[PDB]
Amino acid sequence: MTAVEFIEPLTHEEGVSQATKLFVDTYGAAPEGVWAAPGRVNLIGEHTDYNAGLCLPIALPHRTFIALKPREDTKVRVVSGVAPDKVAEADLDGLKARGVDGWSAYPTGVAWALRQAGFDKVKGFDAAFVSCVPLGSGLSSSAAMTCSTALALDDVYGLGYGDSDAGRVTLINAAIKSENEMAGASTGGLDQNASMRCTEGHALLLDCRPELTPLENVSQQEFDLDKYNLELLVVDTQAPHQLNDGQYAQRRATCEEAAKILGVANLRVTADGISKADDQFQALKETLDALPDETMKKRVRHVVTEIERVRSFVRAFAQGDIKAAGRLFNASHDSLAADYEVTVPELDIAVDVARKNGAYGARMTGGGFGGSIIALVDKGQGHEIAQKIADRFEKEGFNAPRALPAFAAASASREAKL
Ligand SMILES: OC[C@H]1O[C@H](O)[C@H](O)[C@@H](O)[C@H]1O
Ligand SMILES: [Cl-]
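Residues numbered from 1 in each chain as written, not as in the entry; some residues may be left out. Chains lettered and ligands numbered in written order. Heavy atoms only, no water. Residues with missing side-chain atoms left out of burial classes, pairs and counts.

- Method of determination, as given in the entry header: X-ray crystallography; reported resolution: 1.6800 Å.

- Taking the PDB entry as the reference, the chain is identified by name as Galactokinase.
- Taken verbatim from the UniProt record of the chain, the Sequence similarities (unreviewed entry) comment is "Belongs to the GHMP kinase family. GalK subfamily." (UniProt positions renumbered as here; feature names shortened; annotations may be inferred.)

Set out below in structure tokens:
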């Protein structure tokens, strides 16, 4: 039985080359250019983004590439390099929310979102996608697809939102709106902020209070693994997970009803009230006594402690306290498992193997219910822990996992013009 596979990121050259070839093969004409948005890892601050909390993503070197040409009419053609025979075709003229299904919903929905926002310059396009953000990995293949399309449409229609950070929040809202209202997949804003606003060697300290301007809601935190002789191990469990199954939405609804019983606009209000209390334990106790439901107490107890763990992680990493940073990873997972109840055996067992084989800490990243774990480990130990996870997986009768190199990489950009 064969060694655990590592999924190497497509280079600049491979992405441009493969995106354009799929373009020419499907459409015949050359694209106007090639754009790209990365997948992401969320280091800590999970199930916080839709509660107006704190998140800390990095962008992966792993990118979705779009070759795009705008069209004179309102028709949209899209093709994906995982099925280069199925061209999906749709029409923007009079298009309604939910008006496209399948994966074509996501990129079509981006033009739909921009025309809904009053960008009357935006008509149709042909696009070809090639990605190495693994599907079902919970590393935001979704956001990589929408944010690449949103940057391409901004560029070819000359909207003027692509060449600034502040500008991209308008493209981000469009990408978010495509996923929520066209693809009908509930999403909270973490993935698309990461994909369009992270920078190399930095994590994005994202504040999700919706009243904040773009300059107020991000801080670039130094995240140089080489400084501390670290490696970030990422292992996609490949556990089975129905893409959009209602679990994520139930969570959001419980939180939204938490906030209503509590009489706050959102749980970040509640979390900030507890944090600044002398006796945080007494502050959380008085909060949970207001929620009569056992499960709702646990969801709120997760969101309150998780926001504080983001502030605690940002301090720990800047101090070079990698033991303390690892413990914060461990506490975030443990909270996701017990209090939020979004883990599965594959995630728990992968984490336990990492823990018992010298990881500073390990945790599920993104939504849960499957997908990927992340581990702060010593440089040169990633392969060994990945292979230990794979061996356990086979002993368990689980599907084989796969691992990804990971480090803080660049956000969305244009890769090619002519
Ligand atoms: O941290 C939980 C996470 O789950 C998914 O990846 C969502 O799309 C994100 O917006 C975020 O809510
Ligand atoms: Cl096909």
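Observations regarding the sheet that holds strand β3 (residues 54-55)
Logical step 1: Spatially, the three strands line up as an open sheet ordered β3-β8-β9, and their pairing is antiparallel. Every other strand in the sheet has two partners, leaving β3 and β9 (218-222) as the edge strands with one partner each.
Logical step 2: The sheet strands contacting helix α5 (residues 190-197) are β3, β8 (202-207) and β9, and the helix crosses β8 at an angle near 135 degrees. (Pairing = 2+ DSSP bridges. Helix = DSSP H or I, 4+ residues; strand = E, 2+ residues; numbered from the N terminus. Contact = heavy atoms within 4.5 Å. Axes fitted to C-alpha atoms, helices over the stretch in contact; angles between N-to-C directions.)

Points about the packing of helix α7 (residues 267-275) against helix α9 (residues 294-318)
Logical step 1: Relative orientation of the contacting elements α7 and α9 amounts to 65 degrees, with a least axis distance of 9 Å. Between α7 and α9 lies a crossing of right-handed hand. Where α7 approaches α9, its residues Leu267, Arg268, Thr270, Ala271, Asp272, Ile274 and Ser275 are matched on the opposing element by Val300, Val303, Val304, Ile307, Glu308 and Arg311.
Logical step 2: Among the residues forming the contact of α7 with α9, the class breakdown is seven nonpolar, two polar and four charged. (Left-handed = near helix turned anticlockwise from the far one by under 90°. Nonpolar A, V, L, I, M, F, W, Y, C, P; charged D, E, K, R; others polar.)

Structural notes on unusual backbone geometry
Trans peptide bonds make up most of the peptide bonds, and negative phi angles are found at most residues other than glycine.
Logical step 1: For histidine 47, which is not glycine, the phi dihedral falls at a positive 65 degrees.
Logical step 2: Tracing the backbone through its elements, the reader meets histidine 47 in the loop between β2 (33-42) and β3.
Logical step 3: On the basis of relative accessibility, which here comes to 4%, the residue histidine 47 falls in the buried class.
Logical step 4: Positive phi, normally seen in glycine, also occurs at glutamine 238, with a value near 70 degrees. (Buried < 20%, exposed > 50% of the residue type's maximum accessible area, 1.4 Å probe, protein only.)

Quick word on the nonpolar core
Logical step 1: Grouped together as the largest cluster of nonpolar side chains are 76 residues, with contacts concentrated most on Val41, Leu43, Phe223, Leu232 and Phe313.
Logical step 2: A domain-level breakdown of this core finds at least three residues from each of domain 1 (1-222 + 408-418) and domain 2 (223-407).
Logical step 3: The residues contacting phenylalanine 313, other than those within four sequence positions of it, are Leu43, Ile44, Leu56, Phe223, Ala325, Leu328, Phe329 and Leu376.
Logical step 4: Judged by nonpolar contacts, the second largest core, of 43 residues, contains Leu92, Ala105, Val169 and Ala412. (Core = buried A, V, L, I, M, F, W, Y, C linked by side-chain atoms within 4.5 Å. Domains from an automatic or database assignment.)

Thoughts on the UniProt feature "binding site: Mg(2+)" (unreviewed entry) in the chain
Logical step 1: Following the UniProt record, the feature "binding site: Mg(2+)" (unreviewed entry) maps to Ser142 and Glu179 here. The annotated residues occupy 38 residues of the chain but converge on a single region, no pair of C-alpha atoms lying more than 7.7 Å apart.
Logical step 2: Note on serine 142: relative accessible area 18%, which makes it buried.
Logical step 3: Beyond its immediate chain neighbours, meaning those up to four positions away, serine 142 contacts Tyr106 and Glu179.
Logical step 4: Topologically, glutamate 179 is positioned in helix α4 (residues 165-182).
Logical step 5: In this view, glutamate 179 contacts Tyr106, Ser142, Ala143, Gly184, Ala185, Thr187 and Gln192; residues no more than four positions away in its chain are not counted.

As for the pattern of salt bridges
Logical step 1: Taken as a whole, this structure holds 23 salt bridges when the rule is applied.
Logical step 2: One salt bridge in this structure joins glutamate 306 and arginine 309, with 2.7 Å as the shortest N-O distance. With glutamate 306 and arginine 309 both in helix α9, this residue pair falls three residues apart, about one helical turn.
Logical step 3: One continuous salt-bridge network, built from bridges that share partners, spans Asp207, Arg209, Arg268, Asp272, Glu308 and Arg311. (Salt bridge = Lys/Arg side-chain N within 4 Å of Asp/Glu carboxyl O.)

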